[PDB]
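Residue numbers (the deposited numbering): 102 to 787, 796 to 1169, 1177 to 1249.
For each residue, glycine too, the CB sits at the ideal point set by N, CA and C.
Take a look at the structure below.
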Ligand SMILES: Nc1ncnc2c1ncn2[C@@H]1O[C@H](COP(=O)(O)OP(=O)(O)O)[C@@H](O)[C@H]1O
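In structure tokens:
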């Protein structure tokens, strides 16, 4: 103990969070130095310096002592250092840490306020602060337990960590180091310690001394404790050597309590010796977890006291070495050494349940769940713990109360993401949602859809998000009320009338994981399913009710795949720990481990015949191993692939093995010999690298389908020729699939949550499957094919019954519709997503179908009665609804049919395609009128006043034909490149402006020169509309920007163009009162004329809407999201 401090060393250390010294200290300079060395030994280059040793051996004090020296600090870590007590944390745990470490580094919000909402995101926010804003800085990680934790800090920093297990640096690369520190200490120091406690100096240090130390085993913790004991009772020097002689502490799990023995005792005694008023107090601290620092106030609420007092009490403890503390900024938070917690949790074992109940109670006596203003030192603590303490005390009532609250949901999420709350619902399900009620799934399924939104600022109106749930759901009832309680307060909540029609309600959803499900598969009999994922476990349920049958902790890392044996006897799993495990489908006990791959493993599949039993695995080691489960060893290793092997199914007839790699080849192996028999290069792409995944065999096993980027391919296992090729969603990437045994059906996981299954051979999508809203990973048919399952990042497996998903539902449509706000009801007409078109009667499902050659656009005749639609080949037809059959079809049109529309009167159809000619079919009579623009390709038109019709194209040209006489009454060359949207001033029509690539020029059907150009928009005005007379015209920009310009020929009224919109502002429209501008693009969003927005609410599952249909009164709406969801909104009662 002395002084090498510099009031600088101070700042740098008190800043970063480094702890100070322990009451009494003994310069272990020999190692303070040992460590320091390895630190300079990093130079500039980032590295890893690990100070490991048995728990309670000094490390944490050693670390601090290392960076407690100016010489080493400046010129090395001149930027500073940051202490981060991590300890043993699960996933959600490390998150609360990182969240903290960020609330500290960007304490200036220098890079967006609000903390990161998840590990990954925090990794970055971190990597930035360390590599700028705080460079040349050291990161001190106190007590690390798992390798993976280090890989999150692997961001070019020089990190000094401490651990009780050196093997934590095997999941990270860099010039690592090691500074071994024994578990014990040396008598001379141990003595020093005692000495400095009793105020002696080895001179008066009794005989016992040398023996006591020998008993405390050197552990500075143990010693110091005893030393604090021998100091508070100067006589028992030999009395205690006696207690320590024989460890009279009795804990369950006697067996081999390593470091305990000496410690448990030290504690046992000192504790029993506390005064009889503060002794009850220390007992309560039995509910404070390892590597968790509590703040003064958390205790005030527990004990009904105040700062000073609560601090004095706890002081007596820190002084006696029964507690620890460090600054937080005038405010103090105290921790407990790991071992001391294990002590207490064992000692006051039978009392733990009550302490967690005495807490919470003391939290309701002072606070409110949804009233914790985020300035209270204790704030955080509660959010990420109140929910735990309650469960940790088993309080069905209490808990359900806090987690079934819309208000807590908001409250918490806005502060720390939904990341935690999501875990919790799953963790505390066992106690939470009991009885019969599924008031859970509701809140659970709630946290899945709108997951992405919560915690993301501008914070969503948690009420609307709820209104969007099933009527039956509690999330709704709580949101319906929350609303009806404020009736008339300038808000107005919209309401999804047909919220019911949508929702492909799968026959069953299962939630058994804490993290993304990466795979699943039915048992041969189809009765069960196994599903492994990043929750590091295996999980097997009934294909019936999801009734859990097995909950194994499979591996010590993420699990990339799993499958059942040929007779459902075993379930094997293979992961990134490079291990392949076989389990007992029955007992679920380990049955054997095959560790031979160099890299992670992915494909693991059993032989199909109930005769022989083998297992084939693919890895990133490029090999493919065949295991003979009846042998302690591997049966083969297929050297062959160029890159990583991904998928691989055994041919029905167990003689061939298929292999699908990243090297762009499909490869057939002869099981018996294990020799490459064929290799199929996938070259359908435009040297280029392509990855082939999912790849199943056909019934007869004389064919095989495989998936590469944006296609599925059917190959003849013989000719090695290609039999069929179906392209998928424009441009994405099939992430998985699975050939069905019957009907040529093949389900495929498209890019992100969208999952559609097709019908090869007819090569036509058969049915879309909107179900998840979080990246889908796996998907496959039950053996018999009757049904299929899906696994995604929303960490849920959902069974689906095939027959039912394929029926022609009006659930999902294309984004080509036409609305009819006929008063007492809204009527939408939409192009189906598969074949015909649907006549939807919003406010009474009533879905009527109409077969057809895959239309390309729809069209309703005001009065209904006649429905018209364009076609893909340019064909046009009209069908009369009353009859719903007799249809009339005119001839014309070379390209597909875009906008098509009926004339004011019941006859004459206008329709533009993808070329210069507009068409005016005055059907019924049969006469035709053409409008040879000679232009380029009419972008779109609009039925003007009296038989006059405004047109515009990729020529900046706008025109005013007149039907019944293809005669150009007006021509304008008002843009040098593609006109995009432009409206008329409806009332009268004195004006009619445009908006092309640049800005929006508004003119007057007269002056063959635009009134005043409206420059500014830095994206490209892609729409606009005039204010129902009101003298205003809003222009929707491309990057979300949206300015409202004023009808005074040329100005620049307010630009309420936030984004801090969501990609493209494809539409707008003013209220009949010229006060409410409602925009549409990535999602709906209203505004307040002249500065500020409004009910910016309503977010849709999907996005990139196009045209938002507003009824007359602005109290009814209709739109469709790129997920085929038809939203028919209508303001709340
Ligand atoms: N050099 C030292 N001098 C005095 N006491 C020490 C010393 N090192 C550790 N201790 C005692 O042990 C505690 C710190 O233990 P710690 O270093 O955090 O264990 P670990 O290294 O396994 O994390 C302190 O409360 C202190 O009384």
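Inset, instruction - Evaluate contact between the region 335-345 and the region 303-318, counting only Cβ atoms and requiring at least three cross-stretch pairs below 8 Å. - result: The region 335-345, when compared against the region 303-318, does touch it at the 8 Å Cβ threshold.
Inset, instruction - Report all residues from its chain with a CB closer than 7 Å to the CB of residue 963; omit the five preceding and five following residues, and keep chain order. - result: Result list for residue 963: 944, 981, in chain order.
Legend entry - residue 1258 versus residue 497: straight-line alpha-carbon distance, rounded: This structure cannot settle anything about residue 1258, because the visible part of the chain is limited to 102 through 1249.
Legend entry - At least 3 beta-carbon pairs within less than 8 Å: the region 515-522 vs the region 191-209: yes
Legend entry - residue 604 beta carbon less than 9 Å from that of residue 954: no
Legend entry - Buried or exposed (CB count within 10 angstroms, at least 16 for buried), residue 293: buried
Inset, instruction - Report all residues from its chain with a CB closer than 6 Å to the CB of residue 273; omit the five preceding and five following residues, and keep chain order. - result: 251, 252, 255
Inset, instruction - Take every Cβ of the region 271-291, pair it with every Cβ of the region 149-168, and state whether three or more of those distances are shorter than 8 Å. - result: yes
Inset, instruction - With a threshold of 16 other CB atoms inside 10 Å of the CB of residue 491, please say whether the residue is buried or exposed. - result: buried
Inset, instruction - State the CB to CB distance for the pair residue 792 and residue 664, rounded to an integer number of angstroms; the pair is presumed to be in contact (CB under 8 Å). - result: Here the chain is numbered 787 followed immediately by 796, so the structure offers no position for residue 792.
Inset, instruction - Flag this pair as touching only if the region 885-899 and the region 616-625 have three or more C-beta atom pairs under 8 Å; answer yes or no. - result: yes
Inset, instruction - May I ask which residues mark the beginning and end of the alpha helix (DSSP H) holding residue 244? - result: First-last for residue 244: 238-245, but that is the beta strand (DSSP E), not the alpha helix (DSSP H).
Inset, instruction - Could you name the residues of the same chain whose beta carbon sits closer than 6 Å to that of residue 743, not counting the 5 residues immediately before and after it, in chain order? - result: 764
Legend entry - Beta bridge counterpart(s) of residue 1037 as assigned by DSSP: Its beta-bridge partners are 1030.
Legend entry - Any non-hydrogen atom of ligand 1 within 8 Å of residue 889 CB: no
Legend entry - Segment contact, 8 Å Cβ cut-off, at least three pairs: the region 1191-1210 with the region 555-572: no
Inset, instruction - Could I get the ranges of all uninterrupted beta strand (DSSP E) runs contained in the region 520-550, with 3 residues as the minimum, in chain order? - result: Correct list: empty.
Inset, instruction - May I ask you to verify whether the region 828-836 touches the region 850-870, counting CB pairs closer than 8 Å and requiring at least 3? - result: yes
Inset, instruction - Determine, using beta carbons only, whether residue 270 and residue 244 come nearer to each other than 9 Å. - result: no
Legend entry - Cβ separation of residue 368 and residue 403, assumed to be a contact under 8 Å, to the nearest whole Å: Going by Cβ atoms, the distance from residue 368 to residue 403 rounds to 21 Å, so no, they are not a contact pair.
Legend entry - Which listed residue (1137, 1133, 896) has its alpha carbon closest to that of residue 1187: 1137
Legend entry - Residue(s) in a DSSP beta bridge with residue 987: In the DSSP assignment, residue 987 is bridged to 977, 997.
Legend entry - Touching by the beta-carbon criterion (3+ pairs, under 8 Å), the region 410-417 and the region 475-493: no
Inset, instruction - Tell me whether residue 844 is buried or exposed, calling it buried when 16 or more other Cβ atoms sit within 10 Å of its Cβ. - result: By the neighbour-count rule (16 or more Cβ atoms within 10 Å), residue 844 is buried.
Inset, instruction - Would you list the residues sitting across from residue 486 in a DSSP beta bridge? - result: Residue 486 pairs with nothing; no bridge assigned.
Inset, instruction - Check whether the region 700-718 touches the region 745-756, counting contact only when three or more Cβ pairs, one atom from each stretch, lie closer than 8 Å. - result: yes
Inset, instruction - Using the Cα positions of residue 941 and residue 931, report the straight-line distance between them to the nearest angstrom. - result: One C-alpha to the other measures close to 22 Å.
Inset, instruction - Please state if the CB of residue 1113 and the CB of residue 1176 are separated by a distance shorter than 9 Å. - result: For the chain, the structure lists 1169 followed at once by 1177, and that leaves residue 1176 out of the model.
Inset, instruction - Could you tell me the distance, in whole angstroms, from the CA atom of residue 787 to the CA atom of residue 1110? - result: For residue 787 and residue 1110, the distance between alpha carbons rounds to 42 Å.
Inset, instruction - Pick out whichever of 425, 429, 441, 204 has its Cα sitting closest to the Cα of residue 435. - result: 425
Inset, instruction - Classify residue 197 as helix, strand or coil using the three-state DSSP reduction. - result: helix
Inset, instruction - With DSSP as the reference, label residue 404 as helix, strand or coil. - result: helix
Inset, instruction - Look up residue 1075 in the DSSP assignment and say whether it is helix, strand or coil. - result: It is a strand residue.
Legend entry - Contact test: residue 157 Cβ vs ligand 1 heavy atom, cutoff 8 Å: Remark: the C-beta of residue 157 is in contact range of ligand 1, defined as less than 8 Å to any heavy atom.
Inset, instruction - Report the partner residues of residue 855 according to the DSSP bridge assignment. - result: 848, 867
Inset, instruction - Compute the Euclidean distance between the alpha carbons of residue 767 and residue 783, then round it to the nearest angstrom. - result: 8 Å
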